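A.B. asks: Compute the structure for the input listed below.
(chains A, B, C, D, E and F)
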Amino acid sequence: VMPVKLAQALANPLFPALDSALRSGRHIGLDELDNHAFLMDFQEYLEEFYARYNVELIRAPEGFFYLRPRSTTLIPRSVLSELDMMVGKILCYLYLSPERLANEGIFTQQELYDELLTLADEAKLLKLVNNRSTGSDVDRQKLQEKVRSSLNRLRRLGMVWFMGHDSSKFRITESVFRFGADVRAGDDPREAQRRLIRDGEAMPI
Amino acid sequence: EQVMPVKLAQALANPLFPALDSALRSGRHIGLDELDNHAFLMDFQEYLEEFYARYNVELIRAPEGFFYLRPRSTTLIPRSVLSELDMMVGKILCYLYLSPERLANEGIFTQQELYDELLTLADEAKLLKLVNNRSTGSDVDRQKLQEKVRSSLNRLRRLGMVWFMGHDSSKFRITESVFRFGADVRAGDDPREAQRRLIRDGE
Amino acid sequence: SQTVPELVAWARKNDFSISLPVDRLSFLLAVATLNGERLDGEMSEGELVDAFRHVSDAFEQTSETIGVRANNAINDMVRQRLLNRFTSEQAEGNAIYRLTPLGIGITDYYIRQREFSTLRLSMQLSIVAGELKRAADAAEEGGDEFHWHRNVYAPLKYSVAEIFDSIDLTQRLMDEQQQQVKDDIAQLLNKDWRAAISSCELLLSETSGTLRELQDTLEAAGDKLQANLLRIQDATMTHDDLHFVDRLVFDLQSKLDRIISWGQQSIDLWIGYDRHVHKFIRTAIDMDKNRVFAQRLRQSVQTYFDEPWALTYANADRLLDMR
Amino acid sequence: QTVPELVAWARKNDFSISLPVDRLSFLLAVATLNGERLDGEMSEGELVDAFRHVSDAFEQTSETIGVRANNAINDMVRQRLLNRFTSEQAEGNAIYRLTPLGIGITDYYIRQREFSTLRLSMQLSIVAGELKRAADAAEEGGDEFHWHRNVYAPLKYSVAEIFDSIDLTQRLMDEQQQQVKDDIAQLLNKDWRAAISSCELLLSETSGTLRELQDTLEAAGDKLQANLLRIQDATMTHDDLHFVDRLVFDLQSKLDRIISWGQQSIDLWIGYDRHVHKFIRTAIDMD
Amino acid sequence: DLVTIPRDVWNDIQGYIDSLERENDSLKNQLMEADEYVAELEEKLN
Amino acid sequence: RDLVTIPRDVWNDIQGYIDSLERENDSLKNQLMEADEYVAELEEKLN
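C.D. replies: Numbering: from 1, shown residues only, chains lettered A, B, ... in the order given. See below for the structure:
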């Protein structure tokens, strides 16, 4: 009928919050002590259950959890635009910045924006922002607002915890390591990208 | 605590459940047509009413036999509200289902009839505001209005009120689930009069 | 939220200002060094001009305008009130120049390398304890107004507050030491990833232990000092003509309480930092022990646009509802 | 022997100070606010409010308040006038304090201190007691640790600070002298006849204070040098105590400077009084 | 009747509320300027 | 660690508030995209 531990866990009053949160994409980091402990105790049976939905449960080596739908899933999937991926990669770097340690892990969006413009080909972001823009102040401000919108979209997924009563700061969680799957392996990024596609991690765009 | 009632587990174990759960949480008005789903719900109604309560959601069976999920202000599952024009289309579909000609047509109607019904029994100015707040009242506006009416009909088909027939989208059949848009007119007067009054009042 | 800018208005009125670029600060430091090296404690204008000669040559300025440049710099220095001039009657235009307290403080902060040490704290602490015990005994004995003024009010005003300020300064030096260690840590990890771990581990614990010892001593002293202040307040409570001593006692109590709370808060902050550091090592220094991951990520972002891509995340459809 | 080493080092480290009127006003407001709160710690949210006050006082734009405030905080931290302690639980997630140089600056502008003989008397008494104890302990003699603790430590960590404070008090009296000169100029240039009496009063009071200071300092210095000579004679019996011998020599030199400063200042003051009275006789009374 | 929440969760909720409010306020002006641009283009075309 | 105690009648408010903001923001996103398409069509018409 049902495994004993699966039945016992399902009755746990903490379950509904997770069940609704995970199927909306939320990644679970180490911070949420109670939720993470619950998942640790009952990983096997939860994985078995969701596998009936035709969706997969993944625990990457870093220690987080996330839901990955397969081709024939019974719950839809979705992706995110290029700008969000860019912001995610930048966030991934800041986590690793050895000079950052003075900041204890708290950051500010001003640094995020300033750093970003040191890498991306200025126009190649402007075109995604506005074709007519060629470094004007107004379009720079427009991009400044677009990055905030992307960051809110990212937080909803669980990559960053906001802090304090002022939005101009935030904290990064270890779930950002996902954005590095491209460079995880030492082989040519292209074949690795196709391998990721085959595994279902990412779809080409 | 009481970990699990036997019947609750037996119900969750039925192989067909997962699709039903995913559809329900999408709000679909599971009805009689799905004889299997209807039977399964009939067997284990009360216990599924009990379980979903933890989500702060009421599993309500309407008088006419169909089932749908109605959450409260404190839902633990995200909820979204559809646009007004969708509600107008829903009400119009409610009216047609009562037409005596349904038996003659076996319930087969084509999008042209629905579009004409909307246009003739709906205010042109309100619709022109709906289609585009900058609309000039020209034809292109009416063509885009037809396009969005088609899109809304598709969304409603996703809700499960109506069925597409064969492999051509031009033919569809209505089911008894449409009353969710007519339960407000449950009074014993003429359905036409009640719907006309509601539409005149803007309700 | 209302405002109180009166002090700012007054300062804007008096035109207080400091302007010490690198060259002027080097000149002032040369003055301080030369003064420290002489046995007479006095400078003729010639010595100042020679020091400015050396400072100017160090920066490679025009050598034909040393005189007027130096004179204009020195006049403004006097204007900014760092130097005080004394017209030695034997040589006009050759006055004797001496530093003011502000200048001495500025120069000392740089030249006098003050390294924190606990023996200083213990000794200062014992001295203040003895002074306060004497003051308390004098207050309890009692006497006329002259007795009070000479034996209670003056000691507290002119000795105790000085020692408490010195202890505060010592804690500020401890702050600077913590900042140095932080910087050190940062750079040390940036040099090499796998090796530095040990060093880091040692550093952290050493600083924590020093903090603990300091805080323990401070509290153990504060108990008795507060008891003595209470004794003095109780002794004064009976006389209605000694409010000035009461205000001073209140100020001393508040200052000591701030001093004590400071150390506990700092220890908590250090524990947080420690934890942070540890976290960092576990999640990042085992994964890319050879630093390849970060460089590859840099390059991938740099050349990203050559082949965009996007990843996937489950997104269940939201529940539809009516009005 | 040439200086350039120190200037080269300072140039290498990029030491510098830059506090124009507005920034200095902000720093003074910071110090004044800090002086009042019982917590002893101030958050960024209060720093921005302090900057808002100064900004309003200077008729500056109110639309760039946050950016300008953050830039000012960065400038301050760069010059080493503040320390930044991250504290997520605090409003703004930051705690700010004053570094030793910041206190040394702000105290002199706000914490006004004027000279008083009793202060010096107390310092002389305490230092005399400490040096007597040190000389006795050294005369007792013992192991190297005995010196390191009971002899070296008092001399290095107690006596020197009191001597430096005595020097600072002398500098304060010098500042008072300068203020007196400016005050006499201001008074005499206003109403000559009506200001001469104040002129004479100021001169007399200044001279009396100077003479009393010098006499007190001589009286104390005799005994202090006696005890320093005692400790030196004691340590010449041991060849392993050069560490203490050099400190003794430096302390003697400091005392010599302190004592000669008083006499030089007194001579300068008598000359100044002579010139002032000649000025009065030749220009004031004549016209 | 009383709910207890960890400090971190409440802080996160408040920060997110403020961020969302700021984003919405900005986007309002963004739409306003876009519509004004459309209106100006239409007026100049005629 | 530290905790915050709140009554339900107050807690429910912020949960409603954030959801309303999210829905309004998404609707505005859609309307802005539609306006963008219109302006693009007008621009290509002009040129």
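
A.B. asks: Just the helices from chain E, written as ranges.
C.D. replies: E:7-45 (DSSP state H).

A.B. asks: Look up the closest residue to the residue in the stretch 101-250 of chain C that chain D sits nearest to, ignoring the ones flanking it.
C.D. replies: Using CB to the nearest CB, the single residue of the stretch 101-250 of chain C nearest to chain D is residue C:105, 3.6 Å away. (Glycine included, C-beta is placed from N, CA and C.) Closest residue to residue C:105 apart from its sequence neighbours, by CB to CB, 6 or more residues apart in numbering or on different chains: residue D:104 at 3.6 Å.

A.B. asks: And the residue of chain E closest to chain A?
C.D. replies: Taking CB to the nearest CB, chain E has residue E:15 as its residue nearest chain A, at 3.0 Å.

A.B. asks: Residues of chain A that sit close to chain B?
C.D. replies: A:1-2, A:7-8, A:10-11, A:13, A:16-17, A:20, A:24, A:52-54, A:74-75 (CB under 8 Å from any CB of the partner chain).

A.B. asks: What sits closest to residue A:108 if chain neighbours are left out?
C.D. replies: Nearest non-adjacent residue to residue A:108 (CB to CB, 6+ apart): residue A:169, at 5.3 Å.

A.B. asks: State which helix of chain A is the longest.
C.D. replies: Chain A, longest helix under DSSP H: helix A:137-157.

A.B. asks: Give me the distance between that one and the centre of its chain.
C.D. replies: Distance, stretch centre to chain centre, for helix A:137-157: 16 Å (CA atoms, centre = their mean, to the nearest Å).

A.B. asks: burial measure for residue C:31, as a count.
C.D. replies: 24 (other CB atoms under 10 Å in any protein chain shown).

A.B. asks: which residues touch it?
C.D. replies: C:43, C:48, C:51, C:83, C:97, C:99 (CB atoms under 8 Å, 6 or more residues apart in numbering or on different chains).

A.B. asks: re earlier: relative to residue A:144, which of the residues of chain A next to chain B is nearest.
C.D. replies: Of all those, residue A:24 has the smallest distance to residue A:144: 28.0 Å, by CB to CB.

A.B. asks: hang on, the earlier thing: let me know the angle separating the host helix or strand of the residue nearest to residue C:105 from helix C:161-191.
C.D. replies: Counting by DSSP states H and E, the element that carries residue D:104 is helix D:100-110. Interaxial angle, helix D:100-110 versus helix C:161-191 (axes from the mean of the first three to the mean of the last three CA atoms, to 10 degrees): 150 degrees.

A.B. asks: any idea how far helix D:100-110 is from the chain center?
C.D. replies: 10 Å.

A.B. asks: swap in stretch E:10-29?
C.D. replies: Counting by CA atoms, centre = their mean, stretch E:10-29 comes out at 7 Å from the chain centroid.

A.B. asks: So residue A:46 is in contact with residue A:9, correct?
C.D. replies: Yes: with contact defined as CB atoms under 8 Å, residue A:46 reaches residue A:9; the gap is 7.1 Å.

A.B. asks: Looking at the two, which one has more neighbours?
C.D. replies: Under the criterion of other CB under 10 Å, the comparison of residue A:46 against residue A:9 puts residue A:46 first, with 22 against 19.

A.B. asks: what sits up against the one helix or strand the more buried one maps to?
C.D. replies: In this structure, residue A:46 is located in helix A:43-50 according to DSSP H and E. Here helix A:43-50 makes contact (CB under 8 Å, 6+ apart) with A:3, A:5-6, A:9-10, A:39, A:56-57, A:59, A:67.

A.B. asks: Could you identify which of those residues has the most neighbours?
C.D. replies: residue A:67 (26 neighbours).

A.B. asks: Show me what the nearest residue to it once chain neighbours are set aside bridges to in the sheet.
C.D. replies: Using CB to CB, 6+ apart and skipping residues adjacent in sequence, the residue nearest residue A:67 is residue C:314, 4.2 Å away. For residue C:314, the beta-bridge assignment (DSSP bridges) gives partners residue A:77.

A.B. asks: quick one: contacts for residue C:314?
C.D. replies: A:22-25, A:55, A:67-69, A:73, A:75-77.

A.B. asks: which ones are touching residue A:3?
C.D. replies: Residue A:3 touches A:45, A:48, counting by CB under 8 Å, 6+ apart.

A.B. asks: care to break chain C down by domain?
C.D. replies: C:3-114, C:115-309 (CATH domains of a matching chain).

A.B. asks: Ramachandran coordinates for the residue in chain A that chain D sits nearest to?
C.D. replies: Chain D sits closest to residue A:104 of chain A, with a gap of 4.8 Å, by CB to the nearest CB. Backbone torsions for residue A:104, taken as degrees, to the nearest 10, come to phi 60, psi 10.

A.B. asks: shouldn't it be in contact with residue C:270?
C.D. replies: No: contact criterion CB under 8 Å: residue A:104 and residue C:270 do not qualify, at 11.5 Å.

A.B. asks: quick one: which of the two has more around it?
C.D. replies: Taking neighbours as other CB under 10 Å, residue A:104 and residue C:270 compare with residue A:104 leading, 21 against 18.

A.B. asks: for the more buried one, what are its contacts?
C.D. replies: By CB under 8 Å, 6+ apart, the contact set of residue A:104 is C:272-273, C:276, D:86.

A.B. asks: can I get those in JSON lines with distance to residue A:35?
C.D. replies: As requested, the contacts of residue A:104 are exported to JSON lines (distance: CB to CB, whole Å):
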{"residue": "C:272", "distance to residue A:35": "23"}
{"residue": "C:273", "distance to residue A:35": "27"}
{"residue": "C:276", "distance to residue A:35": "22"}
{"residue": "D:86", "distance to residue A:35": "27"}
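
A.B. asks: biggest separation within those, which pair?
C.D. replies: Counting by CB to CB, the most remote pair of the contacts of residue A:104 is C:276 and D:86, 9.2 Å apart.

A.B. asks: ok, of the residues of chain A next to chain B, which come out buried?
C.D. replies: Neighbour-count burial (16 or more other CB atoms under 10 Å in any protein chain shown) applied to these gives A:2, A:7, A:10-11, A:16, A:20, A:24, A:53-54, A:74-75.

A.B. asks: so what are the domain limits for chain A?
C.D. replies: With CATH domains of a matching chain as the reference, chain A has domains A:2-70, A:80-187.

A.B. asks: can you list the ones you listed in JSON lines and add distance to residue E:40?
C.D. replies: Compiled in JSON lines, the domains of chain A are given as follows (distance: least, CB to CB, whole Å):
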{"stretch": "domain A:2-70", "distance to residue E:40": "41"}
{"stretch": "domain A:80-187", "distance to residue E:40": "15"}
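
A.B. asks: excluding its backbone neighbours, what's nearest the residue in chain E positioned nearest to chain D?
C.D. replies: Among all residues of chain E, residue E:7 sits closest to chain D, at 7.7 Å; criterion: CB to the nearest CB. Spatial nearest neighbour of residue E:7, chain neighbours left out: residue F:2 (4.4 Å); criterion: CB to CB, 6+ apart.

A.B. asks: Can you get me a residue count around the one you found?
C.D. replies: 8.

A.B. asks: ok, now how distant is it from chain B?
C.D. replies: 25 Å (CB to the nearest CB, to the nearest Å).

A.B. asks: wait, doesn't that residue sit right on residue E:4?
C.D. replies: No: contact between residue F:2 and residue E:4 fails when scored by CB under 8 Å: they sit 10.5 Å apart.

A.B. asks: Taking chain E, what residue is nearest to chain F?
C.D. replies: Counting by CB to the nearest CB, chain E gets nearest to chain F through residue E:7 (4.4 Å).

A.B. asks: residue contacts, that residue?
C.D. replies: D:89, F:1-4.

A.B. asks: Could you work out the most separated pair of the residues you listed?
C.D. replies: Longest span within those, CB to CB: D:89 and F:3, 13.4 Å.

A.B. asks: Quick check: residues of chain A near chain D?
C.D. replies: Counting by CB under 8 Å from any CB, the residues of chain A that sit close to chain D are A:103-104, A:106, A:163-166, A:169.
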